[PDB]
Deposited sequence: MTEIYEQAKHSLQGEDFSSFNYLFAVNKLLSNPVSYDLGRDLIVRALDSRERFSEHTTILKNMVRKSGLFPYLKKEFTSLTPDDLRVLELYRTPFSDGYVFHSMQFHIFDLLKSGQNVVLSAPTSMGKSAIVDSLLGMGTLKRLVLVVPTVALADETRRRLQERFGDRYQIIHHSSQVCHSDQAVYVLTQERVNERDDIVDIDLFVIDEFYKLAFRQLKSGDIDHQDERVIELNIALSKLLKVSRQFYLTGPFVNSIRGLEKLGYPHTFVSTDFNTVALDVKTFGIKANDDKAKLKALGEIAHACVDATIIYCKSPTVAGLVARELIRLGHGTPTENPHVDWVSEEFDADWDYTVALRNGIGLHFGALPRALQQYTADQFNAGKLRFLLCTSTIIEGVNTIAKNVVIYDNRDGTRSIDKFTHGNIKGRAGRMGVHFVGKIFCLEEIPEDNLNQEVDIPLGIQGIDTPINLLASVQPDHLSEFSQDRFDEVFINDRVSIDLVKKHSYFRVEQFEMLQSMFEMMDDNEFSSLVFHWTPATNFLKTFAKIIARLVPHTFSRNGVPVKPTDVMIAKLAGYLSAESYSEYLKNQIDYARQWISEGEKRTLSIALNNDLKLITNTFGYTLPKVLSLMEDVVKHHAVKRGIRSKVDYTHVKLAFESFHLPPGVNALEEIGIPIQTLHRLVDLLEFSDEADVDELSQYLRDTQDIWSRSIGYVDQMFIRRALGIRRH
């Protein structure tokens, strides 16, 4: 450590000799216990290649010795037959341009031999190489990749469609069906639960297992149980690592892997500011923003917090104001003072989850291009970002609600690698960094409800009057938290009526959003930034999945009551449930929203074209690609840019 500390702290000193640095690196790489340490130093040497312009072969040999083979391939041009041969050794089976880290190669060898593998930590190495290699060896047929977010599912679907385009058929949406022997099921926990064709699985890969170490714990546990009882091999790369036990006594002997391979060097500077002290945190943000000059990723606990941070960042003059057609589209479609709108007008990129997927992709590839400077992410895994960033500002660390902390000095390097920090990264931490019942309640309520109000629950096609109050009362009891988390109070049962009436009376999504913001300004007058975030979350999550789920749930419940009470009226909500799921579109078209086409663009697409009612995501995507000339002539420039980005169309 003493030699390591001397070499690390001599990096910024004026009297710096790179040869002594490489001597320290080699001395650290000789001792096994200091292996990682030497590797760390090499990473710094890879971020300061100007200082090592003279001793290049020594650095290359140290890179080979440390086991950083992708860095050996990509950061060095003049390669000897020795390092070329060892790169061919670790070359991945799926492509000739990707090689393996040493630890990645060991894990891949463990997996390709048929043994279940559990990793000890989400590591700075991207496990996408292992999954791509497992796909490329032509031995497995059916796979299930479990991902936490739908945007990550789309990113992985694009990744696995670029390569293995025809060999494997990728199922990501419930509309798709398995028509090929080889199928990759890139789904989330909820999607895995919904899919009823998960059988004969060869190997399912799960990352971000910390939920099992709530809406994300029960679903992941059920998905694990289903994939364990269905499949034969698994590869877990997340927490529940401290000598994982329990899967052994269930008949699944894994090969738990403990690793010490870190590919990222970090300079962590902490401030110790408590979360409650917001003004001190804001002054610290000013100081760091003055310090931060390169690509900065700011982690926040909420989109409102990110909006506040962006407003303060532009208050100090950080970032270059600019305008483009995209900012005009966002201003004319969402709002003028929305956090995303002002931040993008001033060069700040919000990337929260509730953001529309098209805008998420726009922010991601704006940050990747280097045009952005402050990307304010509210989640550890930012979908679409590459290894560009150089600074990570953890504005909020203690997220609360039993969450101990992110970046626990054992996760800082892994999470930094997930965020894609280029070799050396400065981690400015505001706080201190530490170390280490659904299908049966409704009928009971309906038992008390009398025959006089029973007429509001047996509909067919077109709804009837006074349905809004009954539905609001039902949803205020079935899912109180679902509506409460969006700023809609459970009681009195009137605001849900207003939301339902706004959704019903509206013809298009854009008009609904405009009316909602025009009412949100009045509501805050008794800000508009939080209103759009909660409204987007309400439409995407509540009005899309949960509320249709309960609308379908009450069907079979009310059938028995109608039979018992002698009501002979028909029971059918295909006009209402499908309309609410379809987002004022044809039933299947809304599925392109996850692909990355905005709903507002989809409305113009629906008006311009003729969409099949029974088609799936593949058929609609192929229909859009086939009829490109029809809509490209008479649609907005930003709309067709978003369509091209979402569908992968090249010009």
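When the deposited sequence is numbered from 1, the segments without any C-alpha atom are 1, 215-226, 450-509, 600-603, 729.
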